[PDB]
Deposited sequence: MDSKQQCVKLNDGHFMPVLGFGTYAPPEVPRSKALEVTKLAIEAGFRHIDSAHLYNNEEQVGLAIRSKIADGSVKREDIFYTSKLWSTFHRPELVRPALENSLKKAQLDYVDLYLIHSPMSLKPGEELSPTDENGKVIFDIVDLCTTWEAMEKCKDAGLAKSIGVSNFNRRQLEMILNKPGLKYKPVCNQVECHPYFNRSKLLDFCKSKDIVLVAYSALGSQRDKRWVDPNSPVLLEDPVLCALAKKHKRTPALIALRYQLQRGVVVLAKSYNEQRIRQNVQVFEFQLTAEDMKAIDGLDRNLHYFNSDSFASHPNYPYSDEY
C-alpha cells in the first residue's frame, strides 16, 4: 500500500499532499455540515483541505481544522489548507484584503495555498469585467511575500492563460498549480504535459464526475461513476468506481481532490493509496477521454476568458 501522507514538492519548496478533501456543498446543505464532515475527513486521514471564498464555508472548515489541532489529532503544519480568490476580487487592490478576510473567517494565520479561482473576471460586486490577470498575479505575489499564503496558484486556466503569467516581465513566483476539471471523460492530457514541463502541478477537481449541480451541469451528461469501463475495473480490483477514478489521477502524477459529505465515502476515499492499476487498466481509462466538461453553462461559455475554446 502507499503512504496516506504522500506529498509532492511544489516549485516554491513547499509540499502538497497528493489527495485532498473537497469541501464545497450547495446552499441547500446547512452551513454546519462542513464542520462535521471536515473533522471526519481529518479523522479519516485527509490533510489537504480545499476551500474557497465562494463556498461560504471557510468559518466551518477553519473551525474543524482548529478543533483537530486543539484536541491533539494534528498540528497546523500537518494540514495543507487552500482557499481561493473569487472572481469579483480580481482587481489588484482587492486581492490582499480578500485573502485577509478568508484568513479571518478560518481564524488561521496563513493559508498553505491561495488560488485565483477562475480567469473569468466578474464585475466587483455584482456581469463580466476586464482585468489584466498579470496585475492580479502581482498582488498574489505580494501575499506570498507577506506570508499570508505559503504558496500561490491558479485554477481553471488554459495553456495560454498560464503562459501570460509565466512570461510576465518581472515575474517573481510561478503558479505552483493549476486546479482544473479533470477526470476520465476530460483527462486534460495535453495541459498536464504542459504543466509538468513548467514545474506546475495539475490538481484535479470533479475527479468523481462533479456534484452535477443544476446551475452548472447538464443532467443529460453521462454519470462518470456509472461508466462501464470504470465499473468493470472496480469489479476486477474489488474496489469502487470512485476509487478507480481517484487512483487513475495518482498514477498520472495528478493531485486529486474528492468531495464527500458522507462518513462512509469519506473513509472509503483514503483507500486510494491501498491498491494499484496496471498499465492495461490505465490504457482502458485513457480510452474514456471524450472532451466532456461537466461545468458547462452559458455563464461560462459566453465569458471572454472562458478557458475551453483552445485545444488546451
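**Q** Pop the missing stretches of the deposited sequence into a list, counting residues from 1 and keeping sequence order.
**A** According to the record, the single gap falls at 127-137.
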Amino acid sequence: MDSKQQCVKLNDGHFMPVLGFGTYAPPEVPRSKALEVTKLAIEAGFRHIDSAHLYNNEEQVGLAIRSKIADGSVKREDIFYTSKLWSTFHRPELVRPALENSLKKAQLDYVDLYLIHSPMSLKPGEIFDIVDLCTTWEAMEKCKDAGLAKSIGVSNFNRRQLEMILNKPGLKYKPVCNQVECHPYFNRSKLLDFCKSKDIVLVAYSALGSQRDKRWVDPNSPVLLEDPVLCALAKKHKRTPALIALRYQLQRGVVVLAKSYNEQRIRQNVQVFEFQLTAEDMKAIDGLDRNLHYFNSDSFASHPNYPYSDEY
From here on, numbers count along this sequence of modelled residues.
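For clarity, a rigid core is taken as the largest C-alpha set superposing within 1.5 Å between two forms.
**Q** Kindly name the stretch, out of 212-220 and 103-111, whose CA atoms are displaced more from this form in 8 other deposited structures of this protein after the core superposition?
**A** More C-alpha displacement in 8 other deposited structures of this protein shows up in 212-220.
**Q** Looking only at CA atoms, which has the higher mean B factor in the entry: 116-124 or 184-192?
**A** Of 184-192 and 116-124, the stretch with the higher C-alpha B-factor average is 116-124.
**Q** Can you tell me whether 17-25 has a higher mean C-alpha B factor than 299-307 in this record, or the other way round?
**A** The deposited B-factors put 299-307 ahead on the C-alpha mean.
**Q** Just to confirm, going by the entry's C-alpha B-factors, which of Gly209, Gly153, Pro241, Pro169 comes out highest?
**A** That would be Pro169, according to the entry.
**Q** Among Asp50, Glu280, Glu36, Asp286, which carries the highest Cα B-factor?
**A** Comparing C-alpha B-factors across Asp50, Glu280, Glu36, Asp286, the maximum falls on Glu36.
**Q** Which third, lowest, middle or highest, does the C-alpha temperature factor of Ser73 belong to within its own chain?
**A** Answer is highest: the recorded C-alpha B-factor places it there.
**Q** C-alpha B factor of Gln276, ranked within the chain: lowest, middle or highest third?
**A** Middle third - that is where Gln276 ends up once the chain's C-alpha B-factors are sorted.
**Q** Divide the modelled residues of the chain into thirds by Cα B-factor and specify which third, lowest, middle or highest, holds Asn57.
**A** As the PDB entry reports it, the C-alpha B-factor of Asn57 lands in the middle third of its chain.
**Q** What third of the chain, by the recorded C-alpha B-factor, contains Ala41?
**A** Its C-alpha B-factor belongs to the middle third of this chain's values.
**Q** Would you mind ranking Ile200 by its C-alpha B-factor against the rest of the chain and naming the third, lowest, middle or highest?
**A** CA B-factor rank for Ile200: middle third.
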